[PDB]
Amino acid sequence: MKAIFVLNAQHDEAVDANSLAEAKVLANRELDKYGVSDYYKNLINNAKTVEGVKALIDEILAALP
């Protein structure tokens, strides 16, 4: 049944498990720091990927010149 090389990026002991939390926690505090609405922080909680978390703030911060 062997087919995938031992070293691979498919999965490992460390996974996105401990990443969305820090990503959401680091992005969420900035909202609280700025004092924006709580609707945006709730939306981050529903983020399905870090790129979605960082890219969502970029759109929100961009709308603030």
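Residues numbered from 1 in each chain as written, not as in the entry; some residues may be left out. Heavy atoms only, no water.

S.K.: Give a description of the pattern of salt bridges that names residues and reports values.
M.R.: Applying the stated rule across the entire model yields one salt bridge. With its nearest N and O atoms 2.6 Å apart, the salt bridge here joins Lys41 to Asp32. (Salt bridge = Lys/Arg side-chain N within 4 Å of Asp/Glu carboxyl O.)

S.K.: So what's going on with the side chain of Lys24? Residues and values would help.
M.R.: Tracing the sequence through the fold places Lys24 in helix α1 (residues 17-34). Within the structure, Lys24 has its side chain in polar contact with the backbone oxygen of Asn45 (distance 3.1 Å). Non-local contacts of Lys24, meaning those with residues more than four positions away in its chain, are made with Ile44, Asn45, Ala47 and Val53. (Helix = DSSP H or I, 4+ residues; strand = E, 2+ residues; numbered from the N terminus. Polar contact = N/O pair within 3.5 Å; in protein donor to acceptor, adjacent residues only side chain to side chain. Contact = heavy atoms within 4.5 Å.)

S.K.: Which residues make up the packing of α1 against helix α3 (residues 50-62), and what are the values?
M.R.: Packing of α1 against α3 brings their axes to within 9 Å, and their N-to-C directions diverge by 15°. Taken together, the axes of α1 and α3 lie roughly parallel to each other. Where α1 crosses over α3, the two elements pack in a sense that is left-handed. Residues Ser19, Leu20, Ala23, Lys24, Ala27, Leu31 and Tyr34 of α1 touch α3, and the partners they reach there are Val50, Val53, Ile57 and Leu61. (Axes fitted to C-alpha atoms, helices over the stretch in contact; angles between N-to-C directions. Parallel < 35°, antiparallel > 145°, perpendicular 65-115°, else oblique. Left-handed = near helix turned anticlockwise from the far one by under 90°.)

S.K.: Please set out the nonpolar core residue by residue, giving values where relevant.
M.R.: In this structure, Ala23, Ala27, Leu31, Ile44, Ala47, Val53, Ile57 and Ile60 together form the largest nonpolar core, which totals eight residues. Of all the elements in the fold, those that place two or more residues in this core are α1 and α3. Setting aside its immediate chain neighbours within four residues, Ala23 contacts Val50 and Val53. (Core = buried A, V, L, I, M, F, W, Y, C linked by side-chain atoms within 4.5 Å. Buried < 20%, exposed > 50% of the residue type's maximum accessible area, 1.4 Å probe, protein only.)

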